[PDB]
Amino acid sequence: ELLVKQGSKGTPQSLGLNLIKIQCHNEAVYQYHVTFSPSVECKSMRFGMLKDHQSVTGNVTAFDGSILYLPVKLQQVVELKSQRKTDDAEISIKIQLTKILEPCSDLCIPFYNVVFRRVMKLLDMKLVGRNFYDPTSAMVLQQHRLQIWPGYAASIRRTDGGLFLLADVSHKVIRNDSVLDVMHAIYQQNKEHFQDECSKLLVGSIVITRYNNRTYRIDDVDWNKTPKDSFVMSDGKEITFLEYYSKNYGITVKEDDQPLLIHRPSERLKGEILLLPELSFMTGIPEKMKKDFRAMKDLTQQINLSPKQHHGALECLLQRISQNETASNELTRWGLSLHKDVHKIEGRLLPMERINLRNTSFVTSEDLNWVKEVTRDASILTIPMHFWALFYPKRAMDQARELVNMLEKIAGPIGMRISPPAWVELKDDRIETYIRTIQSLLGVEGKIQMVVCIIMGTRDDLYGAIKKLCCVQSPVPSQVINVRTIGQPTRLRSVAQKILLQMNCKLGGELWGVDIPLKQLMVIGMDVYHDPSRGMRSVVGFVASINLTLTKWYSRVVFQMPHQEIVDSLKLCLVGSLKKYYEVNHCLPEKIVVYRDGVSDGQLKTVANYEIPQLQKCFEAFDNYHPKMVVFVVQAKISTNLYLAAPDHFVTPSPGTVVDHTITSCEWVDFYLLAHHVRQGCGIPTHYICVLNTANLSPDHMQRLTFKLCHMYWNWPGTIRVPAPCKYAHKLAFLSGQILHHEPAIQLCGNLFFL
RNA sequence: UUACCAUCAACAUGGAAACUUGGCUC
RNA sequence: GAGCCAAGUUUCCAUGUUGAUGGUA
Ligand SMILES: [Mg+2]
């Protein structure tokens, strides 16, 4: 079905885009596999060899290193005898004619992209990582030996509107200090302690090589080897590093006394990739620059481009493309005529939602923030909390009394009935003293409602162990404060406000909600938390709405061992969720809405045709249970940018903007929603892909329901990017994966204990 | 770990095309 | 000859995560 979703609800917004329309007038593409037999690999020297033959291959070539594209229909299988122009050896190349590609094809998308990477190469922009950056517009920090290149993450894609060039104005941190120059500086710093200092600085530090443009993690540094030595290339051939770089890449290496960097490929090839530090350069903010206020503020104020500056950089790119004769010729020879200005459309702005409290219901302002409108009125349900204990190591004791004073001053308009705690001073600041004191306080007394601790500095092990005690071993709701958030009195008041709201959340109270027209709605939020350190011990959190007014969230956690499946884990989580829903609501829901987090574009069909059929196979375990299911793939980090056409320039878009045309994928029912208010930089929306819709949910109530679920998040009094169940599931899975490493207590799963 | 939002640095996973290798295989 | 599966390389991409900076509450 064709995607016609742009309805009348919401006001039209003239949105500029980071999209430039590309009109294609190609008539035939032919794809060949060049088969250089003595194995040249440079991606530019091979381009030079393919440009050496402009007669048989013509002057129009979309070459990329191993795949050639022609419009000329060259004969099947030919051979050529090119010259390497380096150290002398004739180069025997082949031609394959693998495929015939039609004009309007999605397999021409890599060919279009290769043409445009060549076009950016014709603007003298360097290729760093996977993007193109301009060193002419670079800004330099000489005090840190670093530069920022303003360039573009650009890619041609086929959306509903057709062929588009997505160009995001990215910035590349290019460190002028080489790795070899870093070893030179450290060797100047100390002599005997040079190698171990380079070991602790470099192992874990990740470098780039710009001659092939690849990033490698330094797993070790070998000081016993030097480029001069010899290694074996994949044709089983023994050659030195210098000869390999002067032949396969055409680079003469200045210094040959440099050591070697070993990158061990994880999740296994067993090949020690061996790296030269002359062509290896670090990427990232240096250690001395991290604590610099001026340098980081200049870097941040440059990279936090407003939509006016974003569109200005895109217009500069289009002006550079149009003014350069070679780039315009290269685009025109393929029939790819670029647009002079970026694409712009008319999106919709969704209406504001009445946030409801116990007695007051207020329409949200344009800021979409209710920070001060919720600490002046009462929450919907406020559980009174009297018996609790505050744990402090006598150094934040004044800060503890200040926090208690602010809490009892603010519990009035909040609605909490707050009693003074047990002021548990700790004889030591150790984790063992903390845990034994909490356990001894709860061992004798069973009427204690809460345990609130104060942590000296940033201690992740102490917070993790406190949460290990509090929602696994002894199910007591917990709260952890730092001394940096209650020290100064300037922000102490709002900190105490949100802390008391957190106390009300972790006890089963309800903070705020909106009116929802959909009845018996069964909201599911999931976030498959992947572990890159525990041997792929994936954690799937599961947050399920329970009451009809969409305010109680029953939580579940399932762990995935190696060689397991998400199927039975989601089976157990869903049957537990419907068991809780039946035991509370005394009914069964007619509509289950699932918000799956983190699915790539390739795994979308895998999610749609494999996992969700088993999700409806869970449904037969109950008595004639067949409701209507709606599954969402949520993609938060995207590269599409929305602008707002003010009558002078481009500004940040108003929060709550939907785009359901011209950007969406062809094979799915998609839209982009910018729900949150953003004041820094450009407002990235969040991609919302309908994997399945059995409820016949039109995109009017679909977008409105996702926007409404963006409001329900109770750890922030305003709109967040993802919906509230996605963020609840993400925090639950993060706490059960990196902090708990265990399933929680079932009773504490009745409340938002992870907030 | 009082939160949310931006952008940067990196890692990990997955898809499509082409090619190569090794098994089957009609 | 055609087809299936596994692994790898090169192109194009997509998604998540961890840090680090800022902002404001
Ligand atoms: Mg999530």
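In what follows, chains carry the letters A, B, and so on, assigned in the order in which the sequence lines appear, proteins first and then strands, with residues in each chain numbered from 1.
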Using only side-chain N and O atoms of [X], determine if any of them is under 4.0 Å from OP1 or OP2 of [N].
X: A:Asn304; N: B:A6; value: no
X: A:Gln635; N: C:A14; value: no
X: A:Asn369; N: C:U24; value: no
X: A:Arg484; N: B:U1; value: no
X: A:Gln603; N: C:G16; value: no
X: A:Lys99; N: B:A17; value: no
X: A:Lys731; N: B:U2; value: no
X: A:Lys498; N: B:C4; value: no
X: A:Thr485; N: B:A3; value: no

Q) Nearest nucleotide by nearest heavy atom, which residue falls closer to the 5' end of RNA chain B, A:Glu267 or A:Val173? A) A:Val173
Q) Between A:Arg491 and A:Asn641, which is nearer to the 5' end of RNA chain B once each is assigned its nearest nucleotide? A) A:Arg491
Under 4.0 Å between any heavy atoms, over every strand shown, what does [X] touch: base, sugar-phosphate, or nothing? Just pick one.
X: A:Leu269; result: sugar-phosphate
X: A:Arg721; result: sugar-phosphate
X: A:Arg158; result: nothing
X: A:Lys290; result: sugar-phosphate
X: A:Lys605; result: nothing
X: A:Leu604; result: nothing
X: A:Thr215; result: sugar-phosphate
X: A:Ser170; result: sugar-phosphate
X: A:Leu755; result: sugar-phosphate
X: A:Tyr529; result: sugar-phosphate
X: A:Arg679; result: sugar-phosphate
X: A:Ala154; result: sugar-phosphate
X: A:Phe111; result: nothing
X: A:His730; result: sugar-phosphate

Q: Scan residues 727-741 of chain A for pairs that pass side-chain hydrogen bond (donor to acceptor under 3.5 Å, both in side chains), counting only residues two or more places apart or in two chains.
A: A:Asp527-A:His730, A:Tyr529-A:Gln738, A:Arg534-A:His741
Any side-chain heavy atom of [X] within less than 4.5 Å of one from [Y]?
X: A:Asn18; Y: A:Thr640; answer: yes
X: A:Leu74; Y: A:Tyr32; answer: yes
X: A:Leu146; Y: A:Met289; answer: yes
X: A:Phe116; Y: A:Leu336; answer: no
X: A:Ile208; Y: A:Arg214; answer: no
X: A:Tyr643; Y: A:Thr652; answer: no

Q. Closest nucleotide of RNA chain C for A:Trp716 versus for A:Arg130: which of these residues is on the 5' side?
A. A:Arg130
Q. Taking for each residue the nucleotide of RNA chain C with the nearest heavy atom, is it A:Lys291 or A:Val528 whose nucleotide lies nearer the 5' end?
A. A:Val528
To the nearest Å, give me how far apart [atom1] ([X]) and [atom2] ([N]) are.
X: A:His530; N: C:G16; atom1: NE2; atom2: P; value: 10 Å
X: A:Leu305; N: C:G22; atom1: CG; atom2: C1'; value: 15 Å
X: A:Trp668; N: C:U15; atom1: CH2; atom2: P; value: 15 Å
X: A:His676; N: C:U24; atom1: NE2; atom2: P; value: 16 Å

Q | Ring centre gap for A:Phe132 and A:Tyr152 strictly below 6.0 Å | A | no
Q.
For A:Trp370 and A:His711, I'd like to know if the aromatic rings sit close, meaning centre-to-centre distance below 6.0 Å.
A. yes
Q | Residue-level proximity of residues 531-540 of chain A to RNA chain C when a heavy atom falls under 4.0 Å | A | none
(Q) Please determine whether any donor N or O and acceptor N or O are separated by less than 3.5 Å between the side chain of A:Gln680 and the base of C:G22. (A) yes
(Q) Any N or O donor-acceptor pair under 3.5 Å from the base of B:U1 to the side chain of A:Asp460? (A) yes
